[PDB]
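Engineer: Any chance you could fold what I've pasted below:
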Amino acid sequence: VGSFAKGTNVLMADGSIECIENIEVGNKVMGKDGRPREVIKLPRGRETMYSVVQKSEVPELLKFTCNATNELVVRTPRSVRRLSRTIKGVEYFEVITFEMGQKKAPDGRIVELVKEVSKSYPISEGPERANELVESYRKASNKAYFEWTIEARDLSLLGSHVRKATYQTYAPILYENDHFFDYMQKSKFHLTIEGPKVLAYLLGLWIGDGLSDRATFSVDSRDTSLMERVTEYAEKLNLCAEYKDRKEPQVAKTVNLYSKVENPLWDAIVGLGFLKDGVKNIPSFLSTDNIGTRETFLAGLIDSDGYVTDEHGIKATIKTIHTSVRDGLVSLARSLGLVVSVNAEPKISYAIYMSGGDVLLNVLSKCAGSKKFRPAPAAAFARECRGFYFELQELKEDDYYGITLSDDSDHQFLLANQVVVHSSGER
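Structural biologist: Residues are numbered from 1 along each chain as shown. Below is the structure in question.
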């Protein structure tokens, strides 16, 4: 029965994080589709362990420790190519492919794994055949990759090209709390349907470049689009976006949001916890809250202290001087399905790079910055699981804790770090 090490953090069905050894039958862990996964057993035992680590300069590596028999949920890209080569004076048509095959393991077991297969036919016999293969491959699957599992210990059996192309995955968090919404209700008595939107946005601006002792943040002047947004939004919360305006020689216009009748914005900043212990913080509940709220929040942050580039794909960069926020950002961004990486600018400053196609466009379409806004996706889109390459390190023996799911379930659940791992069970 594959398992994990003690302390392994698991994401609960309700969005809470829990240490695997503290999990008890009946509890529901988080399913990758956002739905619960009831725990029905708790494997125990000793066994060689393997630490899983992302291969990759501020580290933000995805990782977890498992036992040797733990089934890694992996994906390998499908692949096909035809080439012509001359072998020993004879020209051949060769088709190299990635397909599911077999390999005798050290213990004599037959392990089913993706393999790089090669097939060649003499040119004299013609192409058809090579095509009846390249053709059957391309239409043998509706997917562009293989979805499978391999035991940690068996990962060494993979050929070099397949091993390097094989990756694990972390799923976006589709479950949605309402800590933010439920908060709104507790606020005043009357407020527009777009109250949650407007506040999350303003909080993003605050976290971006706002003072830590007052509902005041700075914004760029040449950005008339962003200004109209602040003003427009403040008003939605009966606030005044006050600033010296064109009578204060400067480029970074300080914007003061007063109660305009101890106000909504700041009451949330403290109530929700965007400022814990005098220092800025990214509330942990964000990650598992309303998706629209998560995006709106990021759009604000991006609008106050970040930039967007499109050279080699749409990408957003947010700069933060605090490590608390930094790691909070990486978590919140990954929860939407964005691909994230961090670097240290002249370590005083921190840059969080985010990419993700439609997932990123769904955030930027909420920004107001002149060079930040990007039109929303051209259509509905699913938030695909993201892959990460990894390194496996064989460890000595230790106690392991596994979790078994129902018989009808997909047999998968998420770790606190969103990594999609396999249920602990026989087979």
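Engineer: What is the neighbour count of residue 128?
Structural biologist: Counted with other Cβ atoms under 10 Å, the neighbours of residue 128 add up to 11. For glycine as for every other residue, the C-beta is placed from the backbone atoms N, C-alpha and C.
Engineer: could you measure it against residue 135, distance?
Structural biologist: Residue 128 is 10 Å from residue 135, where distance means Cβ to Cβ, to the nearest Å.
Engineer: How about the contacts made by the residue lying closest to residue 230 once chain neighbours are set aside?
Structural biologist: Sequence neighbours aside, residue 241 is the residue nearest to residue 230 in space, at 4.6 Å (criterion: Cβ to Cβ, 6 or more residues apart in numbering). For residue 241, the contacting residues are 227, 230-231, 233-235, 255-257, by Cβ atoms under 8 Å, 6 or more residues apart in numbering.
Engineer: if you set the cut-off to 7 Å instead, what comes out?
Structural biologist: By Cβ atoms under 7 Å, 6 or more residues apart in numbering, residue 241 lies in contact with 230-231, 234, 255, 257.
Engineer: Give the bridge partners for it, please.
Structural biologist: Residues in a beta bridge with residue 241, per DSSP bridges, are residue 257.
Engineer: which residues of the stretch 251-400 of the chain fall in strands?
Structural biologist: For the stretch 251-400 of the chain, applying DSSP state E, counting those that start in this stretch gives strands covering 252-258, 275-276, 279-280, 306-309, 315-320, 339-345, 349-355, 386-388, 390-401.
Engineer: Parallel or antiparallel, list what pairs with the second one.
Structural biologist: It stands for strand 275-276. Based on DSSP bridges, the pairing partners of strand 275-276 within the sheet are strand 279-280 (antiparallel).
Engineer: Show residues contacting the partner strand.
Structural biologist: Strand 279-280 is touched from outside by 207, 212, 274, 322, 324-325, with contacts defined as Cβ under 7 Å, 6+ apart.
Engineer: Relative to residue 345, which of the residues you listed is nearest.
Structural biologist: Using Cβ to Cβ, the shortest approach to residue 345 within those belongs to residue 322, at 13.0 Å.
Engineer: how many neighbours does that closest one have?
Structural biologist: 17.
Engineer: Give me the nearest residue to residue 72, chain neighbours excluded.
Structural biologist: Spatially, and ignoring its direct neighbours in sequence, residue 72 is nearest to residue 150 (5.4 Å; Cβ to Cβ, 6+ apart).
Engineer: what's near enough to touch that neighbour?
Structural biologist: Neighbour list for residue 150: 71-72, 74, 113 [criterion: Cβ under 7 Å, 6+ apart].
Engineer: May I see the buried residues of the helix or strand containing it?
Structural biologist: With secondary structure defined by DSSP states H and E, residue 150 is part of strand 145-151. Of the residues in strand 145-151, 145-146, 148-151 count as buried by neighbour count, 16 or more other Cβ atoms under 10 Å.
Engineer: what are the ranges of the helices in the stretch 1-150 of the chain?
Structural biologist: Ranges of helices within the stretch 1-150 of the chain are 128-138, based on DSSP state H, counting those that start in this stretch.
Engineer: hmm, back to that, out of the contacts of residue 241, which are buried?
Structural biologist: The neighbour count (16+ other Cβ under 10 Å) marks 230-231, 234, 255, 257 as buried among the contacts of residue 241.
Engineer: Show me the helices in the stretch 151-300 of the chain, by range?
Structural biologist: Under DSSP H, counting those that start in this stretch, the stretch 151-300 of the chain gives helices at 160-165, 179-186, 195-209, 224-236, 264-268, 291-305.
Engineer: Pipe those into a markdown table and attach distance to residue 46 per row.
Structural biologist: Formatted as a markdown table, the entries for the helices of the stretch 151-300 of the chain read as follows, by distance: least, Cβ to Cβ, whole Å:
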| stretch | distance to residue 46 |
| --- | --- |
| helix 160-165 | 28 |
| helix 179-186 | 40 |
| helix 195-209 | 46 |
| helix 224-236 | 57 |
| helix 264-268 | 49 |
| helix 291-305 | 41 |
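Engineer: What count of nearby residues applies to residue 267?
Structural biologist: By other Cβ under 10 Å, 16 other residues sit near residue 267.
Engineer: That should have said residue 96, apologies.
Structural biologist: A count of neighbours around residue 96, defined by other Cβ under 10 Å, yields 15.
Engineer: now swap in the one 10 residues further on and tell me
Structural biologist: When neighbours are counted by other Cβ under 10 Å, residue 106 registers 10.
Engineer: now do residue 367
Structural biologist: By the measure other Cβ under 10 Å, the count of residues near residue 367 is 28.
Engineer: now do residue 306
Structural biologist: If we define neighbours as other Cβ under 10 Å, then residue 306 has 23 of them.
Engineer: The closest residue to it other than its chain neighbours and residue 220: what is the separation?
Structural biologist: Of all residues not flanking residue 306 in the chain, residue 318 sits nearest, at 4.0 Å (Cβ to Cβ, 6+ apart). As defined by Cβ to Cβ, residue 318 lies at a distance of 15 Å from residue 220.
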